[PDB]
Amino acid sequence: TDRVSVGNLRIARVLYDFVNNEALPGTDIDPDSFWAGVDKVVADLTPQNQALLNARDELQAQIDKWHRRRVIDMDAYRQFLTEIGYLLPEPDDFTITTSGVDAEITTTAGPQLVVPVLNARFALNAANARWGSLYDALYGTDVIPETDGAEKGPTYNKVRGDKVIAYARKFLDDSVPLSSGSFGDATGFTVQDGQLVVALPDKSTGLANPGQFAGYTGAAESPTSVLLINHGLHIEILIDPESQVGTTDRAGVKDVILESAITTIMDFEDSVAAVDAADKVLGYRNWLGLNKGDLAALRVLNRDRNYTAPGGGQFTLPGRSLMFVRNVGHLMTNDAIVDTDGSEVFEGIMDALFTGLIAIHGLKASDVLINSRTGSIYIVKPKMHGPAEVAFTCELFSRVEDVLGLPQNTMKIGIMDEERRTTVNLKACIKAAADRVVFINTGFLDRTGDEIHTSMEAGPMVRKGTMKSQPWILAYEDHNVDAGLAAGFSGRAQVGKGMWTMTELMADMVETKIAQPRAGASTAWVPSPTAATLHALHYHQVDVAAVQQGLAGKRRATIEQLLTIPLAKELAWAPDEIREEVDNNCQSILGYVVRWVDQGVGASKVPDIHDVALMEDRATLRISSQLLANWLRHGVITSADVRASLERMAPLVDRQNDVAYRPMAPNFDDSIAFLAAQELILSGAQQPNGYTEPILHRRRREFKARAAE
Ligand SMILES: Cc1ccccc1C(=O)CC(=O)C(=O)O
Ligand SMILES: [Mg+2]
Ligand SMILES: [Mg+2]
Ligand SMILES: [Mg+2]
């Protein structure tokens, strides 16, 4: 075989070599000790990992049976969940004690970017998205409407560009207002006695709050740029009258640069497809290159930014997004390592070991600098159900730290609140990680998937779009904020909210996503560097720190509200509405899955039934498949409806896609990808907690097997 024996484990050769030859050198960790620790940790923790998974199944069985035996008593339901151990006692008030955390996390409110780690180009751009051009983000998106005269063309449109300039001028007025007048009338900027002076047509003025002046570049009397700060976030006005845009500007302003993606989550979970050692190694290698600073795709990582202080001295700001890594959760095994019985090893355990080992490089000098200067490794742990599962993650990290010779608590945990049993036990979950937690985040897409599967037997659910605004989800959002603030997260840890999936609807995002920081979230998720820059605007308009202060002590969600099942009312839909829902889900499912199975792409932009481009990953797939499963289970639709829609949408997806692409139609059953999509719906009710990995992984491996022979 092509495996390496270490104790009871048989490690795929490609993974063994990668760890030894690429990851271990420079960590000062004895290799034999590392591998012994791998075997030991896997041996010691696997039983509890299995027990926790079995507990999920047992609880779901009882809940399924509860709905089945009744013909909607919140009182009785709540007592039942208590009896079975689903709803646990709430612990007394406490405050988290997490330490050694960077300011980007404890203090700074701003955008958080998530990107698939298996795509080096995207990962690189994402790390570099700490700073982004506001002009490019406005000009290149629909935030400036493409009305007549302002449409995008092959070359620069001054009507459009002038609207960009004015938009940003208004942003400056709103964010760092002048003592008198408006940035729109500025004719120049200078630094005099350490104070920013803005020349206006018939006078000059300073800032209403001179403390917002953070620095400059070039000569004080004719700067190349001016640096401002507001709500802890930097804004840089680039000055160059000799530039394409600058020459058209009254003050020669070239661009406005926003500090944007303050942190970035490098994702090994829902936005990547990795089903064997080869895929995991591609991912691990990228994570390694990021932490060593030498990833090159040839584009590379940016250096820090140099500035002159108001007084005349020097300082630097970080050029890169502070990096988290999202490990997989407790569910899946992977055959990258198997034991002597041929049993696959739990992937979550493997990720802790390997991504933790690799992260050590980010704690030390890059030959090309330092991810975490405070000495922490930031791991987002997804898809946990309840406080015991959180405690298990903490014990896993404790054991890994021992293997890696790291101080206890080095490996921090970003807790996704994205499963119902975590939501309804959130305080206890936070308490279980009280010395490790660096965020809680409402992963609302997974949470919706879990909502549907948990009450699968209850009755038919409301349509997917409707889910987005159901009582249960709004309560879940407020409850998360309440719990975090009560645990003392303000100034200590991030309170985060979810992803904006409509990658091209930036005007809509700028209009609507402002609700997130208004709700007291100190970060929320964006799909791209461009969206990070635009979402940053919201943090300039809302003072999140103040909002969190104002929410202190408030309790705005009850357990009854959290437990309100999103069942549909009688006669809710006309036939065309049902057909729309089916087609919409089938389109999104097929569009995502075909690239997953045939190309190993874990995140794709897929137009919905309204031609809206949506960023799809396993969470959104979890919702679509579970919703159709639910409708099939309750007779809203038939298996022929599902068949018809999948077959209808298949050619449109073939059309949307080429090169490595293999069309699904007309020979649907020759397409493993098409059969995968079908399986996800038809077997959806039987998947543990409605998770999509078991099917996707089986089918992707099947496809590789055929393409290989
Ligand atoms: C990264 C991403 C990109 C696009 C869509 C979703 C996602 C998520 O992975 C979201 C998430 O965890 C949650 O809501 O469950
Ligand atoms: Mg059953
Ligand atoms: Mg999720
Ligand atoms: Mg303010």
Side-chain angles (χ1 to χ4, degrees), residues 60 114 269-271 329 331 382-383 385 416-420 422-423 441-456 458-474 476-477 497-503 525 527 565-568 578 580-593 596 602-610 612-634 636-637 642 645-646 649 676-696:
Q60 190 61 69
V114 184
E269 195 222 25
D270 277 9
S271 69
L331 177 72
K383 297 178 168 59
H385 298 245
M416 297 306 302
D417 173 5
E418 65 187 348
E419 308 287 348
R420 194 171 182 254
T422 283
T423 293
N441 185 295
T442 48
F444 77 108
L445 299 159
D446 259 319
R447 178 68 179 76
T448 294
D450 197 45
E451 184 69 26
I452 298 165
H453 194 85
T454 301
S455 301
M456 178 65 66
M461 300 302 167
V462 301
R463 300 177 60 171
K464 185 163 73 172
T466 310
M467 275 299 172
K468 298 304 192 311
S469 52
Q470 286 278 280
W472 74 264
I473 203 171
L474 305 174
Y476 149 81
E477 294 283 0
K497 299 190 175 299
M499 180 64 72
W500 178 271
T501 58
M502 291 134 297
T503 52
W525 289 6
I565 299 164
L567 294 165
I578 296 179
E580 185 183 42
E581 184 69 12
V582 176
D583 283 351
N584 190 214
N585 287 298
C586 284
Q587 162 58 25
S588 299
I589 289 172
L590 275 161
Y592 177 65
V593 170
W596 213 104
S604 292
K605 300 185 183 177
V606 177
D608 70 10
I609 201 178
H610 307 290
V612 181
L614 304 180
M615 181 68 70
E616 296 287 322
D617 87 346
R618 297 198 299 263
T620 61
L621 178 69
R622 186 182 177 189
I623 299 170
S624 307
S625 56
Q626 286 296 299
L627 194 280
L628 294 182
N630 173 260
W631 277 20
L632 206 59
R633 162 70 174 81
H634 292 287
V636 178
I637 60 182
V642 170
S645 183
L646 288 168
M649 310 309 271
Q678 183 174 243
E679 185 165 12
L680 283 154
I681 300 162
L682 306 185
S683 294
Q686 293 310 132
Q687 303 311 298
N689 301 286
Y691 285 131
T692 65
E693 290 94 324
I695 298 167
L696 288 166

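If you read the sequence from its start, that first residue is 1, and numbering goes on from there. Side chains included, hydrogens not; waters and symmetry mates left out as well; all remaining heavy atoms used.
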Give, for atom CD of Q626 and atom CZ of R633, the distance between the pair rounded to the nearest 0.5 Å. 13.0 Å
Please enumerate all residues that pass side chain to side chain contact (heavy atoms under 4.5 Å, CB included) together with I695, with sequence neighbours excluded. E679, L680, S683, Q687, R698, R699
Would you check if the side chain of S625 reaches a backbone N or O of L621 as a donor-acceptor pair within less than 3.5 Å? yes
Value rounded to 0.5 Å, distance of CD in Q60 from OG in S455: 7.5 Å
Least distance between heavy atoms, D617 atom then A603 atom: CB-CB, 4.5 Å
So, does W500 use its side chain to make a donor-acceptor pair with the main chain of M502 at under 3.5 Å? yes
Nearest heavy-atom neighbours spanning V606 and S588: CG1-CA, 4.0 Å
Any idea which heavy atoms bring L590 and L646 closest together, and the distance? CD1-O, 3.2 Å
Are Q587 and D583 close enough that a side-chain donor and a side-chain acceptor fall under 3.5 Å? no
Which atom of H610 lies closest to which atom of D608, heavy atoms considered: N-OD1, 2.6 Å
Could you measure the distance from the CE atom of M615 to the OG1 atom of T501? Nearest 0.5 Å is fine. 9.5 Å
Hey, are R420 and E451 close enough for a salt bridge, meaning a charged N less than 4.0 Å from a carboxylate O? yes
Over all atoms of both residues, closest heavy-atom pair of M467 and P566: CE-CG, 3.4 Å
Looking at CD1 of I623 and CZ of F444, how far apart are the two atoms once the value is rounded to the nearest 0.5 Å? 7.0 Å
From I589 atom CD1 to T620 atom OG1, the distance as rounded to the nearest 0.5 Å: 9.5 Å
With a 4.5 Å limit on heavy-atom distance, are the side chains of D270 and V114 in contact? no
State whether the side chain of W631 and the backbone N or O of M461 hold a donor-acceptor pair below 3.5 Å, judged by distance alone. yes
Ignoring hydrogens and geometry, is there a side-chain-to-backbone donor-acceptor pair from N630 to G459 under 3.5 Å? yes
Taking the side chain as every heavy atom from C-beta outward, state whether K605 and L614 have any atom pair closer than 4.5 Å. no
Where do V636 and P460 come nearest, in terms of heavy atoms and distance? CG2-CB, 3.8 Å
Check ion pair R622-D450 (N to O, under 4.0 angstrom): yes
With a 4.5 Å limit on heavy-atom distance, are the side chains of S645 and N585 in contact? no
Is it the case that the side chains of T423 and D417 hold a donor-acceptor pair, with the cut-off being a distance below 3.5 Å and no angle test? yes
Do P382 and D446 make a side-chain contact, defined as non-hydrogen atoms from C-beta onward lying under 4.5 Å apart? no
Do the non-hydrogen side-chain atoms of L632 and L682 ever get within less than 4.5 Å of each other? yes
Separation between NZ of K464 and CG of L445, rounded to the nearest 0.5 Å: 9.5 Å
Looking at side-chain heavy atoms only, is the closest gap between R447 and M416 below 4.5 Å? no
Contact check, side chains of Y691 and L696, non-hydrogen atoms, under 4.5 Å: no
Sorted by chain and residue number, the salt bridge (charged side-chain N to carboxylate O under 4.0 Å, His left out) partners of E693 (sequence neighbours excluded) come out as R618
